[PDB]
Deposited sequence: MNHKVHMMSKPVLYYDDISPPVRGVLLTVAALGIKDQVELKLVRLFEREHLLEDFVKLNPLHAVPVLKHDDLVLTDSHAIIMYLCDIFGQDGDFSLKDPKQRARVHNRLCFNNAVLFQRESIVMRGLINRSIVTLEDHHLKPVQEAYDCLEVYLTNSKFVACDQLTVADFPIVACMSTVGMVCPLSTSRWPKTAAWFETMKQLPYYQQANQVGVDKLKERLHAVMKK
């Protein structure tokens, strides 16, 4: 009878990875949302900093549990809401396959794209090929993964596809996928855009960020 509370701003790819997960698990009505707007600096308020000293979104509070990383939020939601469904992580090797690709997103893809995007928002940068090489190297890895399995972690859609597509749909606005160069990734990307919950859970926030990018450029 205790509902997790997701502190969020959907311009954020980490947040949209969680929103995609919530919709895919069918648990929109079980997870309360609390908006923490980055542009208005609500993530720097004293209450939120006390909740998360990293002053970042997303955060999940569930009773006394406070999770402060989208990838930990996603695996936890899988454990308590998805054990007996298509997204289950009950099997140890399947859990590790999915966790391995969550780590790829958190430590590789998201790190490299947020350097580029944050720099454009804050105006540190104004786009040499040097900036996009790390992103393109991450695309190369993703292309290998999607050559060996149909989705990022295995032949079925898993929660690991959601943080990655949230990032891909963001950095794609400055480093677009070439179908000739990354054909498996381009086809996987088109497939994820056809998921019924993609528009509400990811595209809305992507559109907001695109507007901020066109204002800064």
> Which segments of the deposited sequence lack C-alpha coordinates in the modelled structure, numbering from residue 1?
Replying inline: 1 to 7, 134, 226 to 227
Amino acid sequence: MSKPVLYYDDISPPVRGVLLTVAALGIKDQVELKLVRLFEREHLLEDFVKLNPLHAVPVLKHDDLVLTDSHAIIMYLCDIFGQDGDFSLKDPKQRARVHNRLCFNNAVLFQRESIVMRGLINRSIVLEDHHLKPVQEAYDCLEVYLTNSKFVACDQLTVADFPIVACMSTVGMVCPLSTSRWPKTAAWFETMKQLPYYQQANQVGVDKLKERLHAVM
From here on, numbers count along this sequence of modelled residues.
> Where do the C-alpha atoms have the higher mean temperature factor in this entry, in 179 to 187 or in 152 to 160?
Replying inline: 179 to 187
>> Please compare 195 to 203 with 6 to 14 and say which has the higher mean C-alpha temperature factor in the record.
In response: 195 to 203
> Which has the highest CA B-factor per the PDB entry: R97, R123, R112, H71?
Replying inline: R123
>> What third of the chain does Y76 rank in for C-alpha temperature factor, lowest, middle or highest?
In response: middle
> C-alpha B factor of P58, ranked within the chain: lowest, middle or highest third?
Replying inline: lowest
>> Using only modelled residues of the chain, where does the Cα B factor of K133 rank: lowest third, middle third or highest third?
In response: highest
>> Going by the CA temperature factor in the PDB record, which third of the chain does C167 belong to: lowest, middle or highest?
In response: lowest
> Thinking about Cα B factors across the chain, which third does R101 belong to?
Replying inline: lowest
